[PDB]
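Consider the single chain below, provided in structure tokens and representing the form deposited in one PDB entry.
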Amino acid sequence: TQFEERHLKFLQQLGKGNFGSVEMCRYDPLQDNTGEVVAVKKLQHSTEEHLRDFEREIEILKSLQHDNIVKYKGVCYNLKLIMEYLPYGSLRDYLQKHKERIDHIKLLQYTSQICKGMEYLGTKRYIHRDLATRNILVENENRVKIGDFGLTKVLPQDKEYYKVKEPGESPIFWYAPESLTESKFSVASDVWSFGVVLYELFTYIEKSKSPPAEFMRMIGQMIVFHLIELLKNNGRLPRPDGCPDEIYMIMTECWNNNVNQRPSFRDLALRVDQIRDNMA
């Protein structure tokens, strides 16, 4: 689980997000082109503050072992996080690319896996804070994984929420109202954002239907102010084209202004699994 920098061969840039950057590399310590391909995450620019967040992120990933969470492999130290490489990339891109070939039953299979991954985080009192299809990865056609933990926090021992306000662009169109108004993040705000993930899936990532596109439409520098007002006024993302009522109702329940009335991830998984069965 200690990887030597000299043996990591760069192949391509996989993405940037939240001050981190990820590369596809081949780890080839025998220098004979037989090593495995791995994903390598590094800081875009290493502050001492950002370095300390990165170290906690590594600890979090390392503590997670679950079929629907990307596998930690080790570190390389300019500290680098080494992970398994998932060959189908981000669910956001995969879904868009194969939309004509992925049915509702398959979306619910992915939805179910995301819920189980999230329930597992919950058991460790981890709050993901960045649930979005762009952060979900595809291992194969039957299996997705939560694939990034850059914003993930551990709840204090004595509170059910964690207050945090970072510099940078926040993904406001996936945020719960209380995250926008009070900077409070909790299992319940992860549930809110999960409802946005579910919306993303059922729109098949159609560009004009993205959460920023739909909310901007509804609002017409103070964008956060008007987003807050819209949500307090029960403005919501619409039912996606083709989305059944019972699935849209899962979304609308995740999007409760009342924090304590949102479903649990365990109940989300049950409902999804039941609807899946009914469809099969």
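Rigid core: the largest C-alpha set superposing within 1.5 Å between the two forms. Note that residue numbering begins at 1 and tracks the sequence as displayed.
Omitted here: the form deposited in another entry. The next part is about that form.
Can a Cα shift of no less than 2 Å be assigned to residue 190 between the shown form and the other one, given superposition on the rigid core?
Not so; residue 190 is displaced by less than 2 Å.
Against the rigid core, is the Cα displacement of residue 18 between the shown form and the other one at least 2 Å?
Residue 18: C-alpha displaced by 2 Å or more between the shown form and the other one.
Core-aligned, does residue 147 move its Cα 2 Å or more between the shown form and the other one?
Where the cores coincide, residue 147 still shows a C-alpha shift between the shown form and the other one that is 2 Å or more.
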